[PDB]
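First comes the structure, then the notes that go with it.
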Amino acid sequence: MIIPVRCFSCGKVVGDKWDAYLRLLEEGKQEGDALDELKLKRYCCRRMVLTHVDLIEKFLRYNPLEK
Amino acid sequence: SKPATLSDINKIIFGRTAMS
Amino acid sequence: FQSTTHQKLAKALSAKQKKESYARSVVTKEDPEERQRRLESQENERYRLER
Amino acid sequence: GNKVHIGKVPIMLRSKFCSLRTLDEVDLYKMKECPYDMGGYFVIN
Amino acid sequence: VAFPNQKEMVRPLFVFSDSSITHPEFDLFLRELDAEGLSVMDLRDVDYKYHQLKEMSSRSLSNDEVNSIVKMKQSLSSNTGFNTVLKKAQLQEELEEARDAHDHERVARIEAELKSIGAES
Amino acid sequence: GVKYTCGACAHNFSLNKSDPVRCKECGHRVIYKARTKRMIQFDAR
Amino acid sequence: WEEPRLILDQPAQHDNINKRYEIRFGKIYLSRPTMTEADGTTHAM
Ligand SMILES: [Zn+2]
Ligand SMILES: [Zn+2]
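Sequence lines, in order, name chains H, V, U, A, P, D and B. The entry's author numbering applies: residue 1 is where the first sequence begins, and numbers increase by one. The entry's author numbering applies: residue 193 is where the second sequence begins, and numbers increase by one. The entry's author numbering applies: residue 226 is where the third sequence begins, and numbers increase by one. The entry's author numbering applies: residue 153 is where the fourth sequence begins, and numbers increase by one. The entry's author numbering applies: residue 274 is where the fifth sequence begins, and numbers increase by one. The entry's author numbering applies: residue 28 is where the sixth sequence begins, and numbers increase by one. For the seventh sequence, the positions run 51 to 64, 69 to 99 when the entry's author numbering is used.
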């Protein structure tokens, strides 16, 4: 839905690296190289960012219910 | 037939929000 | 196959079965049951008058 | 002798006779319909 | 509306202020009425107006009145996304009716109208 | 006395248990109750 | 159109007059789904 704050396995803060990851992917870096640049060494933390699906972007396309 | 006071006019205040 | 008659026959028979549309669309502006209830009301009125 | 109403037939969603067939992606969102929904069912009651 | 000293004026609703009328304002209004030679509204008429406002504010609208108000605001409605989608759907239904009736003239006008209304972002 | 919200144009109004359930301005037939005023607390866990 | 003709006959004798009464079924017309409210109005569903 939205990027988790902490890694499930070890608890490293990964919630501040989503926009930087998207930026690095925009510049043309490979996903593994982008994860290396963000200093995500353990594959438990790499799984968190590599397999995340951003569903909040789809939820935000519906009109707000209160104004 | 008595003249209307200030409070009598204040009772019938109809605001712009009430108008809308 | 390359004969013009065979090609024209194949084209005609292929495009003949492509056209298939029987039902025609329409726009409803009012309740479809309005006629039934108004005619039932008129029939009940004339039944009362006849009785 | 004219059009007589003979009944109401339930409509399968996303078919040629459904209202959502034409709607594009934006109006589908405005209609509170999910774009991932595929249709193929009926809505009875 | 009309000032006593001045002449008649047609004003929109938003010009009025929600703030209460002050004492010098009412005093000046009374002086203008005396200058023109008019009187103030009677207390019986004040009570009648108050009852009219309370009845109108506490009234319960009927279905026909609500539909009339909705139609009036729809006439006033410049644009609304839900209403634009509904109008486009109704136009599409009218277009398929015209196409199924082999009316080559109406369908062009409906297509032009849809093109004008459409092209969203 | 009780606040509501329209399901289409998100307009706020009130009802007195005697009006028809409808939106005032756009006439939608679907309305939603407003959130309460009581205090809402969560344990952040 | 499977059974397009209902037929009623009556050889009335009450001057023999053989009367046949028959009704034919024609075209089918369909519309987009519509919703009819209690107050009598209709709108697209
Ligand atoms: Zn980890
Ligand atoms: Zn509304």
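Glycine included, C-beta positions come from ideal geometry on N, C-alpha and C.
For chain A, check one thing: does any of its Cβ atoms lie closer than 9 Å to the Cβ of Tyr62/H?
yes
Any idea what DSSP makes of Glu281/P, helix, strand or coil?
strand
Counting only beta-carbon atoms, is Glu258/U nearer than 9 Å to chain A?
yes
In whole angstroms, what is the alpha-carbon distance linking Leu198/V and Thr295/P?
9 Å
Kindly provide the ranges of any alpha helix (DSSP H) runs that are 4 or more residues long and lie completely inside the segment 280-321 of chain P, ordered along the chain.
Qualifying alpha helix (DSSP H) stretches, in chain order: 296-309.
Specify the secondary structure class of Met89/B as computed by DSSP and reduced to three states.
strand
List in chain order the residues whose CB is within less than 6 Å of at least one heavy atom of ligand 2.
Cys33/D, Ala35/D, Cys36/D, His38/D, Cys50/D, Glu52/D, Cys53/D and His55/D
What do you reckon, is the C-beta of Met48/H under 8 Å from a heavy atom of ligand 1?
yes
Quick check on the burial criterion: 16 or more other C-beta atoms within 10 angstroms. Buried or exposed for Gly94/B?
Residue burial annotation: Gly94/B is exposed, with fewer than 16 other C-beta atoms found within 10 angstroms of its C-beta.
Taking just the CA atoms, how far does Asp19/H sit from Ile2/H?
12 Å
State the DSSP-derived secondary structure class of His324/P, mapped to helix, strand or coil.
helix
Between the alpha carbons of residue 286/U and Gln242/U, how many angstroms are there, rounded?
Residue 286/U falls outside the range modelled here, since chain U spans only 226 to 276, and no answer is possible.
Taking only three categories from DSSP, how would you classify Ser45/D?
Residue state, collapsed to three classes: coil.
For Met48/H, count neighbouring Cβ atoms within 10 angstroms of its own Cβ and tell me buried if that reaches 16, exposed if not.
Buried, by the Cβ-count rule.
Looking at the secondary structure, which residues open and close the beta strand (DSSP E) in which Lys203/V lies?
Careful: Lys203/V lies outside any beta strand (DSSP E), inside the alpha helix (DSSP H) at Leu198 to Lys203.
Quick one: is the Cβ of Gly11/H within less than 8 Å of any heavy atom of ligand 1?
Under cutoff, so the answer is yes.
Nearest chain P C-beta to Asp189/A closer than 9 Å, yes or no?
no
Note the first and the last residue of the continuous beta strand (DSSP E) segment covering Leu50/H.
Where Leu50/H is concerned, there is no enclosing beta strand (DSSP E), although the alpha helix (DSSP H) it sits in stretches over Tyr43 to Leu50.
Report the rounded CA-to-CA distance for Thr88/B versus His324/P, giving the unit in angstroms.
43 Å
Whose C-alpha, out of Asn356/P, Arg332/P and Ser331/P, is nearest the C-alpha of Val343/P?
The residue among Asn356/P, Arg332/P and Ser331/P with its C-alpha nearest the C-alpha of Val343/P is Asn356/P.
Check whether the segment 70-86 of chain B touches the segment 307-326 of chain P, counting contact only when three or more Cβ pairs, one atom from each stretch, lie closer than 8 Å.
no
Let me confirm a value: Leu175/A is counted as buried when at least 16 other C-beta atoms fall within 10 Å, else exposed. Which label applies?
buried
If you draw a straight line from the alpha carbon of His64/B to that of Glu268/U, how long is it in whole angstroms?
27 Å
Please classify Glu281/P as buried or exposed, where buried requires at least 16 neighbouring CB atoms within 10 angstroms.
exposed
Return the bridge partner residues of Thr96/B from the DSSP annotation.
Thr90/B
Is there at least one Cβ from chain D nearer than 9 Å to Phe355/P's Cβ?
yes
Please classify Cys7/H as buried or exposed, where buried requires at least 16 other C-beta atoms within 10 Å of its C-beta.
The residue is buried, with at least 16 neighbouring Cβ atoms inside 10 Å.
If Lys346/P and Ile390/P are in contact, beta carbons under 8 Å, what's the gap, nearest whole angstrom?
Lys346/P to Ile390/P, Cβ: 20 Å. No contact.
According to DSSP, simplified to helix, strand and coil, what is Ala35/D?
In the displayed model, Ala35/D falls within coil according to three-state DSSP, outside both helix and strand.
Which residue or residues does DSSP assign as beta-bridge partners of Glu76/B?
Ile57/B
Among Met314/P, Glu393/P, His375/P and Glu369/P, which residue has its Cα nearest to the Cα of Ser193/V?
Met314/P
Okay, do the segment 291-307 of chain P and the segment 370-387 of chain P touch, 3+ Cβ pairs below 8 Å being the bar?
no
I'd like to know if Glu393/P contacts chain A, where contact means its C-beta is closer than 9 Å to some C-beta of that chain.
yes
Let me know if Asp179/A comes out buried or exposed under the rule of 16 or more other beta-carbons within 10 Å of its beta-carbon.
buried
Applying the criterion that 16 or more other CB atoms from any shown protein chain within 10 Å of the CB defines a buried residue, is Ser167/A buried or exposed?
Counting of Cβ neighbours within 10 angstroms places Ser167/A among the exposed residues, the total staying below 16.
Whose C-alpha, out of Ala92/B, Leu84/B and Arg74/B, is nearest the C-alpha of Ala248/U?
Considering only alpha carbons, the answer is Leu84/B.
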